[PDB]
Each structure stands twice: as C-alpha cells, then as structure tokens.
Amino acid sequence: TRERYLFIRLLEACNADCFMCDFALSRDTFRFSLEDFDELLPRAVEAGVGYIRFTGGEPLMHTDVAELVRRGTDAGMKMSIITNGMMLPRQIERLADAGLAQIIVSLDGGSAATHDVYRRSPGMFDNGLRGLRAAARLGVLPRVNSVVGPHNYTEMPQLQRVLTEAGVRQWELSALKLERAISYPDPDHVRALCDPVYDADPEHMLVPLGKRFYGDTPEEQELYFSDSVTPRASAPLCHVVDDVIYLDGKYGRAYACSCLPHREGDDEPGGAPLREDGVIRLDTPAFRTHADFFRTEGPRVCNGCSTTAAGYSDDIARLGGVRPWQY
Ligand SMILES: C[S@@+](CC[C@H](N)C(=O)[O-])C[C@H]1O[C@@H](n2cnc3c(N)ncnc32)[C@H](O)[C@@H]1O
Ligand SMILES: Nc1ccn([C@@H]2O[C@H](C(=O)O)[C@@H](O)[C@H](O)[C@H]2O)c(=O)n1
Ligand code: SF4
Ligand code: SF4
C-alpha cells in the first residue's frame with residue numbers, strides 16, 4: 001500500500017472573489033478545530049497517510065493553520081497548503097519554521113494585470129510570487145496550481161517562464177470547470193500556443209504535471225473541445241481513489257479524491273460520513289464502497305477530473321508507483 005494524501009477543507013471563507021469558485025466572497029464561520037485534527041491524526045497515521053494538504057476557502061485565514069502544520073509534522077506527516085498567496089509573505093516564515101513541506105499557490109495569469117483581475121484582488125499575484133520565492137529559500141517545495149480556459153490560455157507561455165525564473169518546481173495546469181459548457185473559439189490556436197509549453201525542455205523550463213489540460217490523445221482533445229469533458233484517469237481503472245482522502249470539513253463528508261467533492265452527480269451527500277457515532281473514522285465500509293464505485297467507473301463518468309490526478313492514476317497503471325509529490 002502506497003503513501004496516501006489526505007486533504008482537509010479547513011474552512012470555506014475566503015478573501016478573494018474568483019469568478020469560477022463557490023467560495024468567492026465567502027464569510028462562512030466553520031473552522032476545522034485543533035481538537036478535530038488531534039482525533040484525526042492517529043486515524044490517518046494508521047490509514048497509511050503520509051501527506052496532509054490543507055485547502056478550503058483560504059487556509060491562511062484559519063488562525064490555527066501554523067499550529068496544524070506543526071502538529072501534523074510532529075506526527076511524521078509531510079504538510080502542504082493550497083493558498084491564493086495574498087497572506088503568504090506574512091506567514092511563510094512561521095509556516096516554514098512549523099515544518100511546512102510544500103506550498104501551493106494558485107496563479108491564473110502571467111502577470112498581476114490579469115491574475116489580480118480574475119481573482120478581483122489587487123496585489124494577490126505579487127504576494128503569491130514573493131511567497132513562492134521566500135518559500136524556496138526557506139526549503140519549502142514551491143508548487144503552483146493554474147486554472148486555464150478560453151480567458152487566459154494565451155498567458156500560459158508567459159506564466160511558464162515566470163514560474164521557471166521564480167524557482168517554482170511543480171506546476172499543475174488544469175482546465176476550468178463549470179456547470180455550463182465551455183467553448184474555445186479556436187482550438188488550433190490553443191494547441192499552437194500551449195503545445196510548446198508541454199514540449200519544452202524540462203531541464204530549462206517548468207513543464208506541467210500529468211496530462212495536458214486539453215487532453216493528450218486526439219480523442220481526448222476532441223472530447224474536451226467539442227463536449228467540455230475534461231481529461232481524467234484513462235485505462236480501465238482509476239487508482240487515485242486508493243491514495244487520496246478528501247475531508248469536507250464543514251459537512252461530514254470524506255471523498256476518495258480531490259475532485260469528487262466539487263461534483264454534482266446525485267442529490268444526497270456524496271462521499272461517505274467522516275464520523276460514525278461522533279467518532280472520526282477513515283476507510284469506513286461506506287467510504288470503501290464510495291471509492292470502489294469510482295475505481296471502476298471513474299474513467300467513464302467523471303467530467304471534472306484534474307490533470308494531476310489523471311497522470312497520477314496513469315503512472316500507477318503503467319508503472320505501479322509514483323514519485324513523492326506527484327499529487
Ligand atoms: C478552492 S481553492 C482553495 C485553496 C486556495 N484558496 C487557492 O485558491 O489556492 C483550491 C484550488 O481549486 C481551484 N479551482 C477553484 N475553482 C475551480 C474551478 N471552477 N475549476 C477548476 N479549478 C478550480 C483553485 O484554482 C485552487 O487552486
Ligand atoms: N470546481 C472545482 C474546484 C476545485 N477543484 C479541485 O479542488 C482541489 C482542492 O480543493 O484542493 C484542488 O486540489 C484541485 O486542483 C481542484 O481541481 C475541482 O475539482 N473543482
Ligand atoms: S481564492 Fe481559492 S477559495 Fe477563494 S474564491 Fe479563489 S479559488 Fe475559491
Ligand atoms: S477519474 Fe474521477 S475519481 Fe478518479 S481522480 Fe479523476 S475525478 Fe477522481
């Protein structure tokens with residue numbers, strides 16, 4: 001059994017205003033507690049978890065995020081945080097001293113003039129880049145998440161050499177996901193600008209993780225451009241559901257991957273309950289049933305997968321294993 005990733009949606013509140021996320025302008029009051037994390041830690045330790053990644057709205061708004069990293073690290077967990085970067089320069093020193101192993105910053109443009117518009121938060125791009133440079137010199141692994149659609153794909157060649165020059169060592173480039181259909185006016189122009197980004201020398205240019213956001217095979221690219229179906233785990237099986245646990249903190253839901261919490265599917269809550277009798281438990285029979293469904297059906301029904309997770313499952317299918325921070 002491999003080293004698993006545990007996502008915790010610490011909170012839903014956020015300080016940004018992104019057009020594409022439900023937590024834009026969220027002032028929700030739920031806060032995942034240190035008491036919850038103390039009960040969860042031994043359960044994740046025996047569940048084979050080696051990575052705990054904090055997400056949500058904006059985790060740097062959680063007043064305990066540094067103490068959570070400190071306690072997770074003291075239990076042997078490789079700690080990671082996904083942030084929009086606005087507060088990262090102010091907290092990266094304390095986070096690094098607390099044992100933070102990886103920082104993920106979400107950038108959706110090659111410059112402040114575009115990113116700060118997409119997230120409607122002037123100064124967020126600049127603070128994200130500072131926090132990445134500061135994390136690099138503090139020994140933290142710097143990764144960037146990018147969401148790309150018709151509105152910003154021409155910026156990706158510029159973001160690539162910005163990230164490269166800044167010392168970022170991992171880059172997720174995944175497609176915009178919305179309920180409504182997403183159509184590019186000219187898919188050939190998307191390939192003409194973005195194929196060189198993926199065809200760059202990884203020795204000199206940061207090329208993104210996993211699959212290309214518009215697909216790798218001609219069939220995947222047709223399914224993405226013509227029918228807005230995002231690339232997912234190929235092959236017959238998805239193996240991400242064995243290595244990833246995503247805890248929707250506010251509600252009581254645990255998911256077998258980091259994209260299934262954002263799906264629609266049924267109407268009753270997705271995933272499985274995190275608690276059985278007020279007691280936090282992992283890999284419950286309901287959770288194993290939830291994961292078993294998407295292990296078989298994921299490659300066939302999942303319209304909201306990410307490029308990182310698709311490449312993760314494929315490496316398990318072809319190679320039998322993944323490198324440390326492949327998720
Ligand atoms: C919900 S955010 C929470 C962490 C932090 N607030 C941030 O943005 O980096 C987690 C990731 O999901 C991405 N995301 C948000 N809305 C998305 C969408 N509609 N389609 C694809 N990715 C999305 C964001 O870019 C971010 O990298
Ligand atoms: N509408 C959305 C919004 C976010 N996500 C996923 O959220 C994950 C997280 O919350 O941590 C991220 O790691 C991942 O990059 C992103 O793709 C999604 O799948 N669909
Ligand atoms: S900063 Fe993160 S949580 Fe907030 S609206 Fe943007 S993507 Fe959503
Ligand atoms: S195929 Fe489905 S279950 Fe598997 S990683 Fe992608 S979204 Fe998750």
# chains A, B, ... in the order shown; residues from 1 in each chain; ligands from 1
>>> residues_near_ligand(ligand="ligand 1", cutoff="6 Å", atoms="only C-alpha atoms and all ligand atoms", output="ChimeraX atom specification")
/A:20-21,55-58,82-84,105-106,145-147,175-178
>>> residues_around(residues="residue 317 (chain A)", least_positions_apart="6", cutoff="8 Å", atoms="only C-alpha atoms", output="VMD selection string")
chain A and resid 235 237 239
>>> atom_distance(atom1="CA of residue 164 (chain A)", atom2="CA of residue 152 (chain A)")
18.4 Å
>>> residues_near_ligand(ligand="ligand 3", cutoff="12 Å", atoms="only C-alpha atoms and all ligand atoms", output="number ranges by chain")
A: 9-28, 54-61, 81-87, 104-108, 115-121, 124-125, 128, 145-147, 176-177, 262
>>> atom_distance(atom1="CA of residue 266 (chain A)", atom2="CA of residue 300 (chain A)")
16.1 Å
>>> residues_near_ligand(ligand="ligand 4", cutoff="9 Å", atoms="only C-alpha atoms and all ligand atoms", output="ChimeraX atom specification")
/A:231-234,237-241,244,255-260,263,291,293-295,297-310,312-313
>>> closest_residue(among="A:182, A:77, A:148, A:135", to="residue 48 (chain A)", atoms="only C-alpha atoms")
A:77
>>> atom_distance(atom1="CA of residue 172 (chain A)", atom2="CA of residue 134 (chain A)")
19.8 Å
